[PDB]
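Top line first, the protein sequences correspond to chains E and B. Numbered according to the authors' numbering, the first sequence spans residues 1A to 1B, 1 to 248, 291 to 346. Numbered according to the authors' numbering, the second sequence spans residues 1A to 1B, 1 to 248, 290 to 346. We put the CB at the ideal spot given by N, CA and C, even for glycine.
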Amino acid sequence: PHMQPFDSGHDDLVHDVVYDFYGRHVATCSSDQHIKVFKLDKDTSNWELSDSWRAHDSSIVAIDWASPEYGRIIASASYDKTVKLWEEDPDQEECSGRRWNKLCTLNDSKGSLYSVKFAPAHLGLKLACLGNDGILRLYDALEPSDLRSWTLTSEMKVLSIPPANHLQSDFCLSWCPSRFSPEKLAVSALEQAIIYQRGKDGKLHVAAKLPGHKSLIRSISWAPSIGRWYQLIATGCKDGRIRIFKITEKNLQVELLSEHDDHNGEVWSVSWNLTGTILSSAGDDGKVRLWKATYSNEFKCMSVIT
Amino acid sequence: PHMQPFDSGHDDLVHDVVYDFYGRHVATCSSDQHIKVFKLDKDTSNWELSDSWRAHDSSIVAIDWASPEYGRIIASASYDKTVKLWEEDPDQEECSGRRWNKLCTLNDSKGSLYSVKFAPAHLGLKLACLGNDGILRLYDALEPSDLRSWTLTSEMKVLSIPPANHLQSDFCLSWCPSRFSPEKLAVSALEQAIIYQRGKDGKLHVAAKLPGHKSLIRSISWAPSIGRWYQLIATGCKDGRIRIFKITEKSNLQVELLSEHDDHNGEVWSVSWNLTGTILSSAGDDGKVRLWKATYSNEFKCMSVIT
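Here it is as structure tokens:
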């Protein structure tokens, strides 16, 4: 059952679409340097533009919503080397172009930015970003009252020497959602994919790598480990394979659970369920595949949308 | 050189246009619930839109700028029973619709609002408003640092009762600009026009009335009394007459009527003063603007008619 598609309202290509916490809102960002937010009308089950606005001087590539317990906040990353934060002002008409106020700007990056992800709420307003400079940066809104008070918490050189050629480069972030697991996050930078963990010293250290990728990692996402003791992160590589890694900490162990080339071409998007019960993958073949785990913990394709 | 008209950019009728302190900026408010601010480009002596934005849920009728010594602040009154204050954020692109941030909202009024006027700077950020509820209200930004800290300073029942069919009502405000004169302001409410003065008890009391109006007072403004000791306030009535009252305080107030002029033959909608209170303007149905200067005898004479 397909539903009535709709126009985003963007002129240039759209890079990311993201859901709010409740799944009733979506934020869109494209190259036309705009961020659009759609609302899912209760009555007429249709998606309808809540507000659109110009937000960056260059192409906006990444986007993300903060936990509802900190307000209505969106974050954006652009090729203009910045990350901007916005907060919805309910006292403005929708579509007015002025429904979301910039709360701040992060200019520390000296290279374009490809990704930005808020951290799990149980760690406060925190976030990460990664760009050409090959330097992952974490920021913290130390005082949850001042949603402008964004301090820089950490800086790590993912690539020792960022190659810097033919912008044939890719980077991705994904925090470990787990509430009852030590703070950590995954990062992909080209062929490599590495995991960081908070130490007793309050600093990030590299705790492992997800080996096997023979090309560019287009996407990666940590799955919600509700119920499980272990962690699972999936990656969609350019070599045309979905990979699912089981990470156990007894400090971290790394198993490869599955590999799937069903896409025959690059896997662009890899996404998870809210319960981490279903995993999605999309690619060149112009198809989306949904995967469930077997009783043996292998992964099986439960359906193919096209 | 180049005094050509220009479009405001409003869809519905425009109610008020106001100049900033320096005369280089203008704020416009219309029924389309927008407030536009124009800039007078130094180089090309043209007026060009600085920023426009939706500010009220209903028709915006009045507007006004605060003294430059408190920042870039505008105040607006609407039929939506509110008065909003805005402060310009120089760190925003012009025309972005995001150049003026709401600093506060005053909801105390239970009837639509027709007028709002900032008080003379020598009294702090203070302001007044009047609406259907027939209750004039003064607000004070007690701490000039917190341009959100707007407290309510006073409430006075102008029209004993606020009756109204809401089909023929008008209200106007105008503070006495004078720096070396006791705080006071004029208020028009329909046929009546009354003056309030601050007492020793820090409360407003009615110190006089400007008698003679035989219809609705569309406009009134106190003139800058630079050089003079007496005060002069003019009113443009619907009965088609401009009136200029000389008010002297010998503190109790005297009231003389200096001039009456029907040259307009129809209602006088706008009555305005000079920065020195040297020239008085009037506009009306006849589609003409008249400028008036005072004679040596203190009568007023029409020194020109624009059409």
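From the DSSP output, which residues share a beta bridge with residue i?
i, result
"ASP9(B)", "Paired residue(s): none; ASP9(B) is not in a bridge."
"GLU247(B)", "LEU292(B)"
"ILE72(E)", "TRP63(E), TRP84(E)"
"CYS235(B)", "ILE215(B)"
"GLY200(E)", "Answer by DSSP bridge pairing: none, since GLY200(E) is not bridged."
"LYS34(E)", "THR26(E), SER50(E)"
"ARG241(E)", "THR233(E), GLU299(E)"
"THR103(E)", "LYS82(E)"
"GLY210(B)", "Its beta-bridge partners do not exist; DSSP assigns none."
"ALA322(B)", "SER309(B), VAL328(B)"
"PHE116(B)", "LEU125(B)"
Specify the secondary structure class of residue i as computed by DSSP and reduced to three states.
i, result
"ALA205(B)", "strand"
"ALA191(E)", "strand"
"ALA221(B)", "coil"
"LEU121(E)", "helix"
"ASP14(E)", "strand"
"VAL156(B)", "coil"
"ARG22(E)", "coil"
"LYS79(E)", "coil"
"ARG135(B)", "strand"
"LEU230(E)", "strand"
"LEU140(E)", "coil"
"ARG329(B)", "strand"
"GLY95(B)", "coil"
"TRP45(B)", "strand"
"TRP148(B)", "coil"
"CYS127(E)", "strand"
"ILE58(E)", "strand"
"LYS182(E)", "strand"
"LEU111(B)", "strand"
"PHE169(B)", "strand"
"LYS40(B)", "coil"
"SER336(E)", "coil"
"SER343(E)", "strand"
Thinking just about the alpha-carbon of each residue, which of the options is nearest to the one in residue i?
i, options, result
"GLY197(E)", "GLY210(E), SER179(E), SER186(E), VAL185(E)", "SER179(E)"
"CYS341(B)", "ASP325(B), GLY326(B), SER298(B)", "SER298(B)"
"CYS93(B)", "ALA232(B), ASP49(B), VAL12(B)", "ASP49(B)"
"residue 419(E)", "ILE215(E), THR317(E), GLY129(E)", "Since the first residue of chain E shown is 1A and the last is 346, residue 419(E) is not available in this structure."
"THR80(B)", "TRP63(B), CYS102(B), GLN90(B), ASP30(B)", "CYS102(B)"
"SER309(B)", "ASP138(B), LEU296(B), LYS236(B), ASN291(B)", "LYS236(B)"
"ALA75(B)", "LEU330(B), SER321(B), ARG96(B), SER56(B)", "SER56(B)"
"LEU330(B)", "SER336(B), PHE339(B), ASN337(B), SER320(B)", "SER320(B)"
"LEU136(E)", "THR334(E), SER152(E), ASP144(E), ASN337(E)", "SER152(E)"
"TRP98(B)", "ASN105(B), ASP87(B), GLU91(B)", "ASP87(B)"
"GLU338(E)", "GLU295(E), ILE345(E), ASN304(E)", "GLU295(E)"
"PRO175(B)", "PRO222(B), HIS203(B), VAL24(B), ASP144(B)", "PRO222(B)"
Residue j and residue i - do their beta-carbons sit closer together than 7 Å?
i, j, result
"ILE72(E)", "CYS27(E)", "no"
"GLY234(B)", "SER217(B)", "yes"
"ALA126(E)", "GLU67(E)", "no"
"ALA191(E)", "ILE215(E)", "yes"
"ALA184(B)", "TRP227(B)", "no"
"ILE242(B)", "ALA232(B)", "yes"
"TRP84(B)", "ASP18(B)", "no"
"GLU306(E)", "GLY323(E)", "yes"
"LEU121(B)", "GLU181(B)", "yes"
"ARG22(B)", "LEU47(B)", "no"
"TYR77(B)", "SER113(B)", "no"
"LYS82(E)", "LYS108(E)", "no"
"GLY95(B)", "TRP51(B)", "yes"
"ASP30(B)", "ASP10(B)", "yes"
"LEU171(B)", "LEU123(B)", "no"
"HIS164(E)", "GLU189(E)", "no"
Hey, would you say the C-beta of residue i is under 6 Å away from at least one heavy atom of the ligand NAP?
i, result
"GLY323(E)", "This structure simply doesn't include the ligand NAP, nor any ligand for that matter."
Are the C-beta atoms of residue i and some chain A residue less than 7 Å apart?
i, result
"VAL114(B)", "Considering every chain present, this structure includes no chain A. Its protein chains are E and B."
Please name the residues in the segment 96–111 of chain B whose beta-carbon is closer than 7 Å to at least one beta-carbon of chain E, in chain order.
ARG96
To be precise: take each residue of the segment 66–94 of chain E, compare its Cβ to all Cβ atoms of chain B, and keep it if any distance is under 7 Å. Which residues remain?
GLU91, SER94
Pull out every residue of the segment 43–56 of chain B whose Cβ sits closer than 8 Å to any Cβ of chain E, in chain order.
Residues passing the 8 Å Cβ filter: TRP51, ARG52.
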